[PDB]
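Enquirer: Quick one: this structure, given as structure tokens, is what I'll be asking you about.
Values in this text are rule-based calculations from the coordinates and carry no lab data. Cβ placement follows ideal geometry from the backbone for every residue including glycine, while neighbour counts extend to all protein chains displayed.
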Amino acid sequence: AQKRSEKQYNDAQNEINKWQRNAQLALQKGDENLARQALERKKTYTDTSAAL
Amino acid sequence: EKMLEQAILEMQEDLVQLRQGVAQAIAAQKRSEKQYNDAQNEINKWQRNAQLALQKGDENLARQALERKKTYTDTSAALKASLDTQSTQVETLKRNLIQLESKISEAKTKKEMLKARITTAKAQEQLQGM
Amino acid sequence: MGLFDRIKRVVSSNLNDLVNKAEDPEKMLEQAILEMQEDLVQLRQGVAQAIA
Amino acid sequence: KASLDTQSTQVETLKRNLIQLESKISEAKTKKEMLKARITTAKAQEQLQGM
Amino acid sequence: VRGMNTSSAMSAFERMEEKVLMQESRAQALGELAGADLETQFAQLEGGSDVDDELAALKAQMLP
């Protein structure tokens with residue numbers, strides 16, 4: 001369980017990181033709308049991380 | 001486990017019906033939209049016909065065509081009224097799906113925590129058997 | 001509650017045996033890869049008609 | 001004509017959706033080998049550790 | 001695509017991806033329980049000790 005949750009929490013961090021790059025990539029291309037929606041995912045995953 | 005597995009499988013199958021209900025709600029919006037759009041087109045068509053009747057000297061038919069416009073305009077209003085009222089459900093049902101998406105993930109996370117305390121409870125019982 | 005309680009056990013009893021008999025690793029893989037491969041052609045057939 | 005274009009665009013979506021499905025089924029094949037290697041390895045250690 | 005009740009691919013992953021990792025985790029968990037013994041840590045010391053006590057003898061015999 002400890003290792004299972006750890007991976008999930010580690011994946012959450014990775015997910016957040018992945019979103020960051022995608023959100024940052026959207027900003028570079030001029031798509032702030034998608035970037036703003038990607039920030040919600042970060043927050044959503046950050047909240048999930050906290051729970052985990 | 002027995003009370004979580006059954007709940008996890010039933011809580012995920014209920015979301016499918018919710019999505020299907022939203023599709024029907026979305027269809028309704030588009031269905032009424034077309035009807036309302038057709039009403040506008042109908043009115044426009046009548047206008048031309050009514051205007052054509054006036055050009056030919058048939059005011060009697062033109063006056064009867066104006067009633068259709070009014071009749072269709074009243075129908076449009078009715079359709080519009082429903083359109084504005086039926087749109088609320090779409091957004092209301094969308095919020096439910098958004099909330100359930102994160103609640104099912106927490107339910108799966110509870111299992112792990114439940115097993116941790118269940119193994120500990122049994123561990124203490126095994127310690128009392130010595 | 002009784003009715004629901006009975007259903008809970010009824011389903012659990014069936015599910016328990018269902019997940020204990022047909023839940024092997026090898027069986028799923030082979031079955032899944034052969035079912036999704038057949039579906040591809042099915043969609044193509046419909047697309048062909050649509051294209052036609 | 002109106003119906004044609006509408007259906008033509010709908011057919012494009014289907015054709016484009018099949019392209020993504022062709023790669024999705026290809027990924028499944030790759031998992032088979034890796035999964036089996038992890039299963040056998042774990043199954044081989046399930047008896048050794050027990051003894 | 002959306003994910004129906006019995007989608008061949010999605011449903012297969014539910015029982016395969018999950019269980020496979022479960023067994024893998026168990027191996028490490030159970031394997032770590034069997035390696036908690038303090039005598040196994042003394043064997044590691046022995047290995048390092050055995051390679052240095054034999055080296056001297058090996059170097060002494062090979063000298064001549």
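Enquirer: With just the Cα atoms defining each centre, how far is region C:1-32 from region B:38-115? Give it in Å.
Expert: Rounded to whole Å, the Cα centres lie 45 Å apart.
Enquirer: Still on this structure, I have one more. About the Cα centre, and with charges only on the beta carbon of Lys, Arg (+1) and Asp, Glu (-1), how big is the dipole of chain D? Nearest 20 debye, please. Before the final figure, lay out each step's value.
Expert: Values: 10 positive and 6 negative charges, 24 e Å.
Dipole of chain D, to the nearest 20 debye: 120 debye.
Enquirer: Given axes a ≥ b ≥ c from the Cα gyration tensor, I'd like to know whether the protein assembly as shown is rounded (a/c under 1.5), prolate (a/b larger than b/c) or oblate. Write out the running numbers ahead of the final one.
Expert: Numbers: a/c = 2.85, a/b = 2.36, b/c = 1.20.
Prolate, because a/c is 1.5 or more and a/b exceeds b/c.
Enquirer: Among B:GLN64, B:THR109, B:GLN126, whose Cα projects farthest towards the positive end of the dipole of region B:61-130, with charges put on the beta-carbon of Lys, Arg (+1) and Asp, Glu (-1)?
Expert: Highest projection toward the positive end goes to B:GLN64.
Enquirer: In addition: Under the Karplus relation 6.51 cos²θ - 1.76 cosθ + 1.60, θ = phi - 60°, what is the ordered set of whole-Hz ³J(HN,Hα) values for region E:35-42, x standing for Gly and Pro?
Expert: Whole-Hz 3J(HN,Hα) from phi for region E:35-42: x, 7, 3, 7, 6, 6, 6, 6.
Enquirer: Quick one: helix E:8-34 against the long Cα principal axis of chain E, what's the angle to the nearest 10°, folded into 0 to 90?
Expert: Value to nearest ten degrees: 30.
Enquirer: Follow-up. Per residue of region A:44-52, in order, report the coupling 6.51 cos²θ - 1.76 cosθ + 1.60 (Karplus, θ = phi - 60°) as ³J(HN,Hα) in whole Hz, putting x for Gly and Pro.
Expert: Karplus-based 3J(HN,Hα) across region A:44-52 equals 4, 6, 5, 5, 5, 4, 4, 4, 5 Hz.
Enquirer: Hey, what angle do you get for helix C:25-51 against the long axis of chain C, alpha-carbon based, 0 to 90 degrees rounded to 10?
Expert: The helix C:25-51 is inclined about 40 degrees to chain C.
Enquirer: For the protein assembly as shown, give the magnitude of the charge dipole about the Cα centre (Cβ charges: +1 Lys/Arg, -1 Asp/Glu; no others), in debye to the nearest 20. Before the final figure, lay out each step's value.
Expert: Working: 53 positive and 52 negative charges, 415 e Å.
It works out to roughly 2000 debye.
Enquirer: Once each part is reduced to its C-alpha centroid, what is the distance from region D:8-34 to region E:14-46 in angstrom?
Expert: 38
Enquirer: Shielding of D:31-44 by partners, i.e. mean partner chain Cβ atoms within 10 Å per residue? Present the calculation step by step, with values, prior to reporting the outcome.
Expert: Working: counts 8, 6, 1, 1, 10, 4, 0, 6, 8, 1, 3, 9, 3, 1.
Taking the mean over all residues of the peptide, I get 4.
Enquirer: How tilted is helix B:59-127 with respect to the longest principal axis of chain B? Cα atoms for both, answer in degrees (0 to 90, nearest 10).
Expert: 0
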